[PDB]
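Here Cβ is always computed from backbone atoms with ideal geometry, including for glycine, and neighbour counts include all displayed protein chains. Since every read-out is calculated from the coordinates, none of them should be taken as a lab result.
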Amino acid sequence: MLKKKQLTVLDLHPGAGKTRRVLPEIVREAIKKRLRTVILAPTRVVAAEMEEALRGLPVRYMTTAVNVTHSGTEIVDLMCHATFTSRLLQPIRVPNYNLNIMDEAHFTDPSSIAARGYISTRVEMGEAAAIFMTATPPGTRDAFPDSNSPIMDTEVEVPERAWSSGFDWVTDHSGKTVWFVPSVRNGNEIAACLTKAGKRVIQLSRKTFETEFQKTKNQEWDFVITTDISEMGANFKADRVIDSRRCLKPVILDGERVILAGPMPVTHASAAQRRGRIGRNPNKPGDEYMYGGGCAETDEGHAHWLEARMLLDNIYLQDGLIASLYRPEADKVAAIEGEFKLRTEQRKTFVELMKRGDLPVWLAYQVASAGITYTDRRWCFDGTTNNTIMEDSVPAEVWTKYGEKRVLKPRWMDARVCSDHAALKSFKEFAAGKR
Ligand SMILES: Cc1sc2ncnc(N(C)C)c2c1C
């Protein structure tokens, strides 16, 4: 695998031991061969599990998620996918790693897609080797891959709202269930319904993942209600997955706004990863996968692939050259390579709107490409009436940094800034000049 100009897809089935058995062997061989190596974890939680798998190997953990005193003599770095793309974008020296290992390489967040594009381009240039670890590489059509033990697969109607009757099978179960929902708001409703029926429920989403995931270890629970983030190597001691088979798809309309379309079917890759949370113990056959819909290739036209091109257009590669998306996922977007390349000061603004502003890539790009500086929030208030953001069926209101109460009405409307109460709270703070 470790020969320059090679990209290997390590596609062993979910739970085959890619992270705990194969990765340490790759890292040992890399160190023997004096390959400057990066290991890319999708989340802080996976980063911490990798430290356990790699314990004693000389690895620099470029994350506060791990408490280790480094030798200063590691030639293997571990960081999150997002950290890699972030450091590429910033005026910070990122080593030209000889070996690029991406764990949970199916992750479809923009920074993960961008990271794959950059890495696969360096490999295509003959500059580096790469290993993408995933059961479900891009364009996989198999929602039912092999498992460590047999899974009972049942197509069944799955609730997406509170219910009073008609789903006894949900609550009659005595084991532990991981339940994939299409949104935080949908999980909040199902979670309240299960809590009312006497169940102990933990909710996971991107924003809450590290804190809340720890509860799955520290307390007894009946249900984990999770968004798609738990597709990314999150492991549970569960005997059932309930899968809505639905997700939200961000869609750019007319180059002008972003809506969260759906819910609509997940990809085969997503369904396989959701299912893949169970059947992982060869000694516990008969874990259950209950699935409420079909799969479809809903990554086609999904805004994350356009956002990945906005990131890659702003990463230095060599002179004016620009990294391509990883070939198998390159047709998910219709983008002119280099169309999103920004001049130095607009690029810095773009980066800061994402890193400090916590804005979605697309919205950060609209603001930066308009020549607005990071701290200039006038655009959060001067949009069309139809861009009015609503809070409890009334226009959301903030006090501007000038001390004026205004309706939140952004010039560019990205549905991700108000997809749930926490998102809207964060965006209100942004519009008020509080970060
Ligand atoms: C961005 C970096 S580089 C780096 N190197 C070593 N340790 C680190 N931890 C302990 C904070 C980091 C972080 C977070």
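Bridge orientation summary for region 227-374: considering DSSP beta bridges with both residues in this region, about 65 percent are antiparallel.
When the trypsin sites (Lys or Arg not before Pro) in region 346-413 are filtered for DSSP coil states and for at most 15 other beta-carbon atoms within 10 Å of their beta-carbon, the remaining sites are 356, 401. DSSP bridge analysis restricted to the chain gives an antiparallel fraction near 25%, rounded to the nearest 5.
Find the relative contact order for region 4-121 and round it to a whole percent, using C-alpha pairs within less than 8 Å whose residues are 6+ positions apart. Relative contact order of region 4-121: 30 percent. Summary value for the chain: 15 percent relative contact order, contacts being C-alpha pairs under 8 angstrom separated by 6+ residues. Looking at region 311-414, the GluC sites (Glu not before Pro) that sit in a DSSP loop and have at most 12 other Cβ atoms within 10 Å of their own Cβ are 339, 404. Within a straight-line Cα-Cα reach of under 19 Å, residue 196 can be paired with the following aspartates and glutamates, leaving aside sequence neighbours fewer than 8 residues apart in one chain: 160, 168, 172, 220, 222. Sparse packing (at most 12 other Cβ atoms within 10 Å of the Cβ) combined with a DSSP loop state is found for the following trypsin sites (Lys or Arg not before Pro) in region 92-141: 93, 141. List, in the order given, every pair from 217/425; 4/33; 207/401; 18/237; 199/425; 207/405 whose Cα-Cα distance in the structure shown is over 21 Å. In this structure, 217/425; 207/401; 199/425; 207/405 exceed 21 Å between Cα atoms.
Which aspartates and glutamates have a Cα less than 13 Å from the Cα of residue 284, not counting those fewer than 8 places away in the same chain? Partners found: 239.
For a quick check: sort 381, 236, 144 by the number of other beta carbons within 10 angstrom, fewest at the front.
144, 381, 236
Separation of region 190-262 and region 50-113, taken as the distance between their Cα centroids, equals 26 angstrom.
So if I place +1 on the C-beta of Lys and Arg and -1 on the C-beta of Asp and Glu, and nothing else carries charge, what would the dipole magnitude of region 203-305 be about its Cα centre? I want it in debye, nearest 20.
Numbers: 15 positive and 15 negative charges, 65 e Å.
Roughly 320 debye for region 203-305.
Within the same chain, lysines fewer than 8 places from residue 341 are excluded, and of the rest, those with a Cα less than 20 Å from its Cα are 332, 355.
Is region 147-232 best put as rounded, prolate or oblate by its Cα gyration tensor, with a ≥ b ≥ c the root eigenvalues, rounded for a/c under 1.5, and otherwise prolate when a/b is larger than b/c, oblate when not?
Values: a/c = 1.40, a/b = 1.15, b/c = 1.22.
Judged from the Cα gyration tensor, region 147-232 comes out rounded (a/c under 1.5).
Given in Å, the Rg to one decimal and the Dmax to the nearest whole number for the Cα atoms of region 274-380 are 19.6, 60. Sorting the Cα pairs of the chain by distance into bins of 10 Å, from 0 upward, gives 4, 20, 30, 27, 15, 4, 0 percent per bin.
Across region 167-226, Cα pairs under 8 Å and at least six residues apart give a relative contact order of 46 percent. Kirkwood radius for region 363-408, taken over all pairs of different Cα atoms as the inverse mean of 1/r, rounds to 11.7 Å.
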